[PDB]
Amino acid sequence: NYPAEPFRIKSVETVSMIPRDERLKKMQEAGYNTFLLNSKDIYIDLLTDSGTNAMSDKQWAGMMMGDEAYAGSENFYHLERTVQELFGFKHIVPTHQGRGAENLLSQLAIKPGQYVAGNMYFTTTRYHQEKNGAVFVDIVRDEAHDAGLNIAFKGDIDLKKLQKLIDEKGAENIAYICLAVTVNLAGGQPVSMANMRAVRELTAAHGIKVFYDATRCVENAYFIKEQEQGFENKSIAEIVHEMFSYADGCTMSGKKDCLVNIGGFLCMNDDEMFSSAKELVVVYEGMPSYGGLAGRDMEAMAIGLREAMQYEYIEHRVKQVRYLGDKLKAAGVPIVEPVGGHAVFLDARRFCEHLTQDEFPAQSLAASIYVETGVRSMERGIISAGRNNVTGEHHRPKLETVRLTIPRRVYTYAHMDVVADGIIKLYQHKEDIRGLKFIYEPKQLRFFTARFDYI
């Protein structure tokens, strides 16, 4: 079953519908790197679900009531009581987006030499942990590393790995547990409530803190409602509130599940840490009552978080992504499984098995997808992994994928069909996809501006 959109269209965004021949010229002018395409040349932009969401009429009404005061804005108090109501944490500090909150948390909660352990990681999150002296430890269940394995709650932490870390390093040497919902690196996989409670139980017995990386916590809550036994009579809001009852705080990117184009925040329960967070936010972000956001954006984020609690909205959000994954799977196209909350990942290693990883199959597949459909997708393979600048060799990731990342409330099932139909057509003559080589490679951040040409 795939539900209809539980909303109608209030206003549209113009696009140009340039045809295939012209798309090829734009792809060549971008050096076959979709990160270099101009937004104005793109019909369906699946580069990311971050900050690309469509807001509602109610959010846009809030955008006209921005109280732009430097301190004490009504919009901050609205955001504050909304997050306190829906997440249940005592204190909240706004930040301009998620990595601003991570900066603060890692400076507040880490002593050099300590460990942070998590269910895999995200690049900014782990950077701020390591920048502040922590050693990262993956404690996700082994199954999460098998990208073909179709099992539920693949994001769950292996409690035995957590126990082993505690035994070998000592509780006083673990800064905190970083529990992400959902788990990005595994393809957007959810964590069960049973797992969040077991982790809270174990850590609490040793005095260890747990902070959630909560950026897709609403997609996560929908998976719990759909698939965890006993939650079929619970509302999304009830599930979200219980999830965070097992954390000491969180970092949140409103740009994902709060349905906004900018915004984030930091939550915590501890008064002392809250006091310290207020001393630090002024350094990097702004006042404890705006945190690097315009008043109108704290307002849009307060309204959007509350909209995200509607069951039909998040059911349709997740099932629209599933529709795309299901259609590709039915045609035999290789994808990471199960499909996650926010994106479908094509397995470009298998899609282009006539190409070596040194010929950048994910990068080339993403270029072909744009030329054939006007769809932009993100390379998430060897190019994005970067190069070891000590040795000069590529970092070679096991996952060589193209990410079809779906913004919330922007596209329809007919756009999903455009995407799927083009990919399926490509797959039917996949052996024609050509390898790529660098013709310009910057020293750092190479996925952003590198240019290629066909081998």
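Numbers follow the displayed sequence, beginning with 1. So that the term is clear: the rigid core is the largest set of C-alpha atoms that superpose within 1.5 Å between two forms.
A fit on the rigid core, followed by a root mean square over CA positions in 4 other deposited structures of this protein, ranks 116 to 124 against 377 to 385 and picks 377 to 385 as the more shifted one. After superposing on the rigid core, the larger RMS C-alpha deviation in 4 other deposited structures of this protein belongs to 398 to 406, the other candidate being whichever of 47 to 55 and 398 to 406 remains.
For the pair 107 to 115 and 372 to 380, the mean Cα B-factor is higher in 107 to 115. Once the C-alpha B-factors are averaged per stretch, 91 to 99 and 242 to 250 rank with 242 to 250 first. The top Cα temperature factor in the record, among 316, 128, 327, 354, falls on 354. Across the residues 284, 77, 231, 311, the deposited record lists the maximum Cα B factor for 231. Remark: residue 148 belongs to the highest third of its chain, ranked by C-alpha B-factor as recorded.
Among all modelled residues in this chain, the alpha-carbon of residue 9 has a temperature factor (C-alpha) in the lowest third. Remark: residue 122 belongs to the middle third of its chain, ranked by C-alpha B-factor as recorded. Among the modelled residues of its chain, residue 347 has a C-alpha B-factor that falls in the middle third according to the deposited record. Ranked within its chain, residue 163 lands in the highest third, by CA B factor from the PDB record.
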